[PDB]
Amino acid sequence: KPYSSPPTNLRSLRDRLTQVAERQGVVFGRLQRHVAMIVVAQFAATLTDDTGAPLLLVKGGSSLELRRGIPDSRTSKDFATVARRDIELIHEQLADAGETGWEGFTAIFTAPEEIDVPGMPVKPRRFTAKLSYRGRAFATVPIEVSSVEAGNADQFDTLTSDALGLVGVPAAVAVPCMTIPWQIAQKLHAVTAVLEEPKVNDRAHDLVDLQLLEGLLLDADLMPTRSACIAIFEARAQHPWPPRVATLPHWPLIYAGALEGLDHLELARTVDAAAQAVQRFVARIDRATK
């Protein structure tokens, strides 16, 4: 029933993914995008400095899937990371690791294009991972790499998934990840940001993530989160800490879009409620002491 040898080719792999998808309540595509992200994360985890410390830490929506699992988290198109070295070192090293492969998987990485963010001197970079399995093309994953800010690469947590084990690829998955205080600081800053005149802030989906993150924090001291929020808000030097959590006019339907699939969780069902929940979280963080 569980597979004793790895899949011999892509068809047998897709076929096993679909049997696992139905076997436990997921759409085939969500599970496939998740396997592709696990594979990309394993390529990123082979990038070590001369002490063995990771060079890339996963963040954003990919981190949250790993933390909570597929059923209890938002679908994440992006695979975002924070590097502790320059991209040119990062991009060459991924192509290397992508060529060596991992348990049948191989990857090709398009060229990094700088993107524009006005609060960071070092600009973020986006490119794409074209995955293959035993030679045959498998999936395409957007990647976002950005620079360290304050101490957000100082520590990491190491998350695992057993998705690939279900389809008979037994090797352990262990992905270094940005810690929650810094995920909270970054999403808080992005969700309360006011942008330049061409564009508007569409990030109502971050109000879901911030409610998930507050649960994962549980009853821990918030002093590390407060320190991290102070640090991100000062370094970027856009709007000040503590921010006001403003709802924009198109956000009701975007927010409702970000809740798809999460009926079982205890989350605010409307955007106004979500904003309030996030504002009380902000007030909690700001009051933290010793």
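Residues carry their position along the shown sequence, with the first being 1.
Averaging C-alpha B-factors over each stretch, which comes out higher, 274-282 or 19-27?
The stretch with the larger average C-alpha B-factor is 19-27.
Could you settle it for me: does 28-36 or 243-251 have the higher average Cα B factor in the PDB entry?
The entry gives the higher C-alpha B-factor average to 28-36.
Out of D157, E99, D209, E144, which one has a C-alpha B factor higher than all the others in the entry?
If I rank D157, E99, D209, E144 by C-alpha B-factor, first place goes to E99.
Comparing recorded Cα B-factors across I87, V175, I184, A204, which one is largest?
Highest CA B-factor of the listed options: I87.
Please place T140 in the lowest, middle or highest third of its chain according to the CA B-factor in the PDB entry.
Ranked within chain, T140 CA B lands in the highest tercile.
Based on the deposited C-alpha B factors for this chain, I'd like to know if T179 is in the lowest, middle or highest third.
CA B-factor rank for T179: lowest third.
Using the temperature factors of the C-alpha atoms in this entry, rank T192 within its chain: lowest, middle or highest third.
As the PDB entry reports it, the C-alpha B-factor of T192 lands in the lowest third of its chain.
Looking at the C-alpha B-factor of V169, is it in the lowest, middle or highest third of its chain?
CA B-factor rank for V169: highest third.
Based on the entry's values, in what third of the chain does the Cα temperature factor of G151 lie: lowest, middle or highest?
Within its chain, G151 is a middle-third residue by C-alpha B-factor, going by the deposited values.
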